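Peer 1: Output the structure for:
(one chain, ligands or ions: 1)
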Amino acid sequence: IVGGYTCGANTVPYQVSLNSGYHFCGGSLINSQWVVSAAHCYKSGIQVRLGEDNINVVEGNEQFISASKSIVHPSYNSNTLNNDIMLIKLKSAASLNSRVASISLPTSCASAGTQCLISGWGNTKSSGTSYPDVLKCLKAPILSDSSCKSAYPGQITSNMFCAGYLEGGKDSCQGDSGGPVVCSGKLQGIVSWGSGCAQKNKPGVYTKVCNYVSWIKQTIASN
Ligand SMILES: [Ca+2]
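Peer 2: Numbers count the residues shown, from 1 in each chain. Below is the structure in question.
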């Protein structure tokens, strides 16, 4: 997160870190046994780390649970990042409490102008590299489909939206991928892609979660 703020420990209780020896992506806990993340975060050997603030210090609220199964969206295209969503089933159910909690799935899509909270352990510099140990947050609005398409000609599908600031300075970044965009208490996006980070006229591009709720629910029901 570039241009954000320190969230506060365990204030984003659905935020997970995906660990393969190191933090490599965010995710969102959607029930006791399932995480939503970005398909481009897929790898084998994932440990889901819940209840994290400092990802380098054991602070007392962590739950570390191995993935038992990963499911990349059937239609994920890694070239275009269309359908950049994956589900991860935990080997055991998380224990849910005030600091480790699921986030609601949308029943309807969000609209341009809605403010949302974007969070993660990604890069904090736009012309630099600095990875935080504690969770960072950014409040940002959803941008119009037309401004999103104008920023990224030929690249925005019906499964993507833009959020952030066209002026630059405030965005998600490398290492935030797979993490949440939460709007009015609903998971509306997944950190997906963008040209650089926090660049002028190059907002963040997010997977449009509301398009996937039917797939999410049926997948959970059969797995
Ligand atoms: Ca920790």
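
Peer 1: Setting aside sequence neighbours, what's the nearest residue to the spatially most central residue of the chain?
Peer 2: By CA atoms, centre = their mean, the mean C-alpha position of the chain lies nearest to residue 179, the distance being 1.6 Å. Closest residue to residue 179 apart from its sequence neighbours, by CB to CB, 6 or more residues apart in numbering: residue 26 at 2.6 Å. Using the backbone N, CA and C atoms, a C-beta is placed for each residue, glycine as well.

Peer 1: Assess the claim that that neighbour and residue 174 are in contact.
Peer 2: No - the criterion here is CB atoms under 8 Å, and residue 26 misses it with residue 174 at 11.4 Å.

Peer 1: Run through the residues of the protein sitting next to the ion.
Peer 2: Contact residues (CB under 5 Å from the ion) of the chain with the ion: 52, 54, 59.

Peer 1: Any quick PyMOL command for the buried ones out of the residues you listed?
Peer 2: Applying 16 or more other CB atoms under 10 Å to the residues of the chain next to the ion, the buried members can be selected in PyMOL as follows:
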select buried, resi 52
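
Peer 1: Chain neighbours aside, what residue packs nearest to residue 195?
Peer 2: In space, residue 195 is closest to residue 202, 4.2 Å off (CB to CB, 6+ apart).

Peer 1: Just list the residues touching that neighbour, thanks.
Peer 2: 151-152, 168, 194-196 (CB atoms under 8 Å, 6 or more residues apart in numbering).

Peer 1: which element is the residue nearest to residue 160 when sequence neighbours are not counted on?
Peer 2: Closest residue in space to residue 160, ignoring its immediate chain neighbours: residue 205 at 5.4 Å, by CB to CB, 6+ apart. Per DSSP states H and E, residue 205 falls inside strand 204-208.
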